[PDB]
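Asks: Can you read through this structure? Questions will come right after.
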Amino acid sequence: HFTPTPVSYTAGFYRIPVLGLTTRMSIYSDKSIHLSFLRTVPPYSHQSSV
Amino acid sequence: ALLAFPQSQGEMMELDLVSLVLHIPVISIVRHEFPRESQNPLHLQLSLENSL
């Protein structure tokens with residue numbers, strides 16, 4: 001959990017959205033941390049409702 | 001830990017930049033309730049005046 005953290009730290013503060021192709025974790029999905037971040041694929045948490 | 005005494009938004013942004021560069025605990029004081037998008041858990045910002 002290193003590359004997603006720096007990626008969200010840099011672009012998130014600039015209000016520059018970032019699309020996460022290889023991110024299946026909802027940790028950076030609080031709508032507060034990484035306010036400018038997009039998920040190309042859902043995390044496993046959604047699969048929990050499955 | 002570090003202590004910050006910001007008096008402007010730019011000061012808070014610069015402090016957040018330096019803190020993320022350091023990734024360490026830093027204390028900052030805001031004259032009121034300051035909603036800051038900087039979500040680094042290592043930064044502790046205290047509103048000087050409580051909400052009325």
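Chain labels A, B, ... are given in the sequence in which chains occur in the structure tokens; within each chain residues are numbered consecutively from 1, and ligands are likewise numbered from 1 in the order shown.
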Residues at most 12 Å from range 32-37 of chain B, counting only C-alpha atoms, excluding those fewer than 2 positions away in the same chain, as an NGL selection string?

Replies: (:A and (9 or 12-15 or 30-36)) or (:B and (6-10 or 12-13 or 16 or 28-30 or 39-41 or 43-52))

Asks: Grab the residues selected above and save them as a short mmCIF file (atom, residue, chain, number, x, y, z; two decimals), in the first residue's frame with N, CA, C and O atoms.

Replies:
data_model
loop_
_atom_site.label_atom_id
_atom_site.label_comp_id
_atom_site.auth_asym_id
_atom_site.auth_seq_id
_atom_site.Cartn_x
_atom_site.Cartn_y
_atom_site.Cartn_z
N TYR A 9 -1.76 11.05 -2.65
CA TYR A 9 -1.21 12.22 -1.96
C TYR A 9 -0.89 13.34 -2.93
O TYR A 9 -1.17 14.51 -2.65
N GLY A 12 -4.40 14.02 -5.36
CA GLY A 12 -5.58 14.31 -4.56
C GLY A 12 -5.60 15.72 -4.03
O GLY A 12 -6.65 16.37 -4.00
N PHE A 13 -4.44 16.23 -3.59
CA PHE A 13 -4.37 17.59 -3.07
C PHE A 13 -4.54 18.64 -4.16
O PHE A 13 -4.91 19.77 -3.85
N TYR A 14 -4.27 18.29 -5.42
CA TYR A 14 -4.40 19.21 -6.53
C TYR A 14 -5.78 19.17 -7.17
O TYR A 14 -6.00 19.83 -8.19
N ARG A 15 -6.72 18.42 -6.58
CA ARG A 15 -8.05 18.23 -7.15
C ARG A 15 -7.97 17.69 -8.57
O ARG A 15 -8.75 18.05 -9.45
N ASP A 30 -12.70 6.90 1.22
CA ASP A 30 -13.45 7.54 2.30
C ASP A 30 -14.10 8.85 1.88
O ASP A 30 -14.76 9.48 2.71
N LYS A 31 -13.92 9.27 0.63
CA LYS A 31 -14.40 10.54 0.10
C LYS A 31 -13.77 11.74 0.79
O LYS A 31 -14.13 12.89 0.49
N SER A 32 -12.82 11.51 1.70
CA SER A 32 -12.03 12.56 2.32
C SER A 32 -10.56 12.44 1.97
O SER A 32 -9.95 13.41 1.52
N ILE A 33 -9.97 11.27 2.17
CA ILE A 33 -8.63 10.98 1.68
C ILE A 33 -8.73 10.62 0.21
O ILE A 33 -9.57 9.80 -0.19
N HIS A 34 -7.88 11.25 -0.61
CA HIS A 34 -7.95 11.13 -2.07
C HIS A 34 -9.32 11.58 -2.57
O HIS A 34 -10.08 10.81 -3.18
N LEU A 35 -9.64 12.84 -2.30
CA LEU A 35 -10.90 13.41 -2.78
C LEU A 35 -10.96 13.39 -4.30
O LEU A 35 -12.05 13.25 -4.87
N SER A 36 -9.81 13.53 -4.96
CA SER A 36 -9.73 13.41 -6.42
C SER A 36 -9.08 12.06 -6.74
O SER A 36 -7.87 11.95 -6.95
N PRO B 6 0.04 28.51 12.27
CA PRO B 6 -0.39 29.16 11.03
C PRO B 6 -1.36 30.29 11.28
O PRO B 6 -2.14 30.28 12.23
N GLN B 7 -1.31 31.29 10.39
CA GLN B 7 -2.25 32.40 10.39
C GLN B 7 -2.90 32.59 9.03
O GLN B 7 -3.62 33.58 8.82
N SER B 8 -2.67 31.67 8.09
CA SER B 8 -3.25 31.76 6.76
C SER B 8 -3.34 30.36 6.16
O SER B 8 -2.69 29.43 6.63
N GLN B 9 -4.17 30.24 5.12
CA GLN B 9 -4.35 28.95 4.46
C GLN B 9 -3.07 28.49 3.77
O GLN B 9 -2.74 27.30 3.78
N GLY B 10 -2.33 29.43 3.16
CA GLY B 10 -1.08 29.06 2.51
C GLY B 10 -0.06 28.51 3.49
O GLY B 10 0.71 27.61 3.15
N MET B 12 -0.83 26.79 6.19
CA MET B 12 -1.27 25.43 6.45
C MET B 12 -0.89 24.50 5.30
O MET B 12 -0.47 23.36 5.53
N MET B 13 -1.03 24.97 4.06
CA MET B 13 -0.66 24.14 2.91
C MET B 13 0.84 23.86 2.88
O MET B 13 1.26 22.72 2.62
N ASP B 16 1.61 21.37 5.59
CA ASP B 16 1.19 20.04 5.18
C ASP B 16 2.17 19.45 4.18
O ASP B 16 2.47 18.25 4.22
N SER B 28 -0.62 21.82 14.74
CA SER B 28 -0.96 23.10 14.13
C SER B 28 -2.17 23.69 14.84
O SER B 28 -3.02 22.94 15.34
N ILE B 29 -2.24 25.01 14.88
CA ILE B 29 -3.31 25.73 15.56
C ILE B 29 -4.05 26.59 14.55
O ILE B 29 -3.43 27.34 13.79
N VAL B 30 -5.38 26.48 14.54
CA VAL B 30 -6.24 27.29 13.70
C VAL B 30 -7.14 28.13 14.60
O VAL B 30 -7.68 27.62 15.59
N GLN B 39 -5.60 15.11 4.71
CA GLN B 39 -6.06 14.00 5.52
C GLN B 39 -4.90 13.14 6.03
O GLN B 39 -5.08 11.95 6.28
N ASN B 40 -3.73 13.73 6.18
CA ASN B 40 -2.61 13.00 6.75
C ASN B 40 -2.87 12.78 8.23
O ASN B 40 -3.03 13.76 8.98
N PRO B 41 -2.94 11.53 8.71
CA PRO B 41 -3.20 11.31 10.14
C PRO B 41 -2.09 11.80 11.05
O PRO B 41 -2.32 11.97 12.25
N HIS B 43 -0.79 14.71 11.14
CA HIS B 43 -0.94 16.13 11.43
C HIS B 43 -2.13 16.33 12.36
O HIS B 43 -3.24 15.88 12.05
N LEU B 44 -1.89 16.98 13.50
CA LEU B 44 -2.94 17.27 14.47
C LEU B 44 -3.20 18.77 14.48
O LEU B 44 -2.36 19.54 14.95
N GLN B 45 -4.36 19.18 13.98
CA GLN B 45 -4.74 20.58 13.91
C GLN B 45 -5.87 20.83 14.90
O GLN B 45 -6.89 20.14 14.87
N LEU B 46 -5.68 21.83 15.76
CA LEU B 46 -6.64 22.15 16.81
C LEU B 46 -7.26 23.51 16.52
O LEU B 46 -6.54 24.49 16.28
N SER B 47 -8.59 23.57 16.52
CA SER B 47 -9.30 24.83 16.40
C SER B 47 -9.18 25.59 17.72
O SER B 47 -9.58 25.08 18.77
N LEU B 48 -8.61 26.80 17.67
CA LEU B 48 -8.35 27.55 18.89
C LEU B 48 -9.64 27.86 19.64
O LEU B 48 -9.69 27.74 20.87
N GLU B 49 -10.68 28.26 18.92
CA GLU B 49 -11.97 28.59 19.52
C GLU B 49 -12.96 27.48 19.23
O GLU B 49 -13.11 27.07 18.07
N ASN B 50 -13.62 26.98 20.27
CA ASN B 50 -14.66 25.99 20.08
C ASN B 50 -15.89 26.63 19.45
O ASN B 50 -16.12 27.84 19.55
N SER B 51 -16.70 25.81 18.79
CA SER B 51 -17.91 26.30 18.15
C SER B 51 -18.87 26.86 19.20
O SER B 51 -19.08 26.26 20.26
N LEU B 52 -19.45 28.02 18.90
CA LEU B 52 -20.35 28.68 19.83
C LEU B 52 -21.61 27.85 20.09
O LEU B 52 -22.21 27.98 21.16
#

Asks: Using DSSP on the backbone coordinates, identify the residues of range 7-49 of chain B assigned to strand (DSSP E or B); present them as a PyMOL selection string.

Replies: chain B and resi 26-30+43-47

Asks: Store the residues picked out above, limited to N, CA, C and O atoms, as a short mmCIF file (atom, residue, chain, number, x, y, z; two decimals), in the first residue's frame.

Replies:
data_model
loop_
_atom_site.label_atom_id
_atom_site.label_comp_id
_atom_site.auth_asym_id
_atom_site.auth_seq_id
_atom_site.Cartn_x
_atom_site.Cartn_y
_atom_site.Cartn_z
N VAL B 26 3.05 16.52 13.63
CA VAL B 26 3.18 17.97 13.71
C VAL B 26 1.86 18.54 14.22
O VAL B 26 0.78 18.14 13.77
N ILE B 27 1.95 19.50 15.14
CA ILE B 27 0.80 20.13 15.76
C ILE B 27 0.62 21.51 15.14
O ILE B 27 1.58 22.28 15.02
N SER B 28 -0.62 21.82 14.74
CA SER B 28 -0.96 23.10 14.13
C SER B 28 -2.17 23.69 14.84
O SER B 28 -3.02 22.94 15.34
N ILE B 29 -2.24 25.01 14.88
CA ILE B 29 -3.31 25.73 15.56
C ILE B 29 -4.05 26.59 14.55
O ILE B 29 -3.43 27.34 13.79
N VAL B 30 -5.38 26.48 14.54
CA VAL B 30 -6.24 27.29 13.70
C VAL B 30 -7.14 28.13 14.60
O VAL B 30 -7.68 27.62 15.59
N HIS B 43 -0.79 14.71 11.14
CA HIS B 43 -0.94 16.13 11.43
C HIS B 43 -2.13 16.33 12.36
O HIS B 43 -3.24 15.88 12.05
N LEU B 44 -1.89 16.98 13.50
CA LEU B 44 -2.94 17.27 14.47
C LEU B 44 -3.20 18.77 14.48
O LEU B 44 -2.36 19.54 14.95
N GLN B 45 -4.36 19.18 13.98
CA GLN B 45 -4.74 20.58 13.91
C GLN B 45 -5.87 20.83 14.90
O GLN B 45 -6.89 20.14 14.87
N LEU B 46 -5.68 21.83 15.76
CA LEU B 46 -6.64 22.15 16.81
C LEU B 46 -7.26 23.51 16.52
O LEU B 46 -6.54 24.49 16.28
N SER B 47 -8.59 23.57 16.52
CA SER B 47 -9.30 24.83 16.40
C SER B 47 -9.18 25.59 17.72
O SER B 47 -9.58 25.08 18.77
#

Asks: So the first atom is CA of residue 41 in chain A and the second is CA of residue 25 in chain A; what is the distance between them in Å, to one decimal place?

Replies: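 Calculated distance between CA of residue 41 in chain A and CA of residue 25 in chain A is 9.6 Å.
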
Asks: Which residues come within 8 Å of range 42-47 of chain A, counting only C-alpha atoms, excluding same-chain residues fewer than 2 positions away, as a PyMOL selection string?

Replies: chain A and resi 23-26+39-40+49-50

Asks: Please write the residues from the selection above to a file, keeping N, CA, C and O atoms, as a CSV table (one decimal), in the first residue's frame.

Replies:
chain,number,residue,atom,x,y,z
A,23,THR,N,-6.3,-1.1,-8.4
A,23,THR,CA,-6.6,-0.9,-7.0
A,23,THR,C,-7.9,-1.6,-6.6
A,23,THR,O,-9.0,-1.3,-7.1
A,24,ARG,N,-7.8,-2.7,-5.8
A,24,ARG,CA,-9.0,-3.4,-5.3
A,24,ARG,C,-9.2,-3.2,-3.8
A,24,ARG,O,-9.9,-4.0,-3.2
A,25,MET,N,-8.6,-2.1,-3.2
A,25,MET,CA,-8.8,-1.8,-1.8
A,25,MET,C,-9.6,-0.6,-1.6
A,25,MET,O,-9.3,0.4,-2.3
A,26,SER,N,-10.6,-0.6,-0.7
A,26,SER,CA,-11.4,0.6,-0.5
A,26,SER,C,-10.9,1.5,0.6
A,26,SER,O,-11.6,2.4,1.1
A,39,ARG,N,-11.9,4.9,-9.2
A,39,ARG,CA,-11.7,3.4,-9.2
A,39,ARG,C,-12.1,2.8,-10.5
A,39,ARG,O,-13.3,2.8,-10.8
A,40,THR,N,-11.2,2.3,-11.3
A,40,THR,CA,-11.5,1.6,-12.5
A,40,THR,C,-12.2,0.3,-12.2
A,40,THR,O,-13.0,-0.2,-13.0
A,49,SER,N,-20.9,-7.7,-0.4
A,49,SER,CA,-22.3,-7.8,-0.5
A,49,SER,C,-22.8,-8.9,-1.4
A,49,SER,O,-23.9,-9.3,-1.3
A,50,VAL,N,-21.9,-9.4,-2.3
A,50,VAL,CA,-22.2,-10.5,-3.1
A,50,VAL,C,-22.5,-11.8,-2.3
A,50,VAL,O,-23.4,-12.5,-2.5

Asks: Please identify the helix (DSSP H, G or I) residues within chain A (assignment by DSSP from backbone atoms) and present them as a list in words.

Replies: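 Matching residues, listed in order: residues 4, 5, 6, 7, 8, 9, 10, 11, 12, 13, 44, 45, 46, 47, 48 and 49 of chain A.
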
Asks: Determine the nearest neighbour of chain A from the options B:20, B:42, B:15, B:3, counting only C-alpha atoms.

Replies: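 Between B:20, B:42, B:15, B:3, the residue approaching chain A most closely is B:20.
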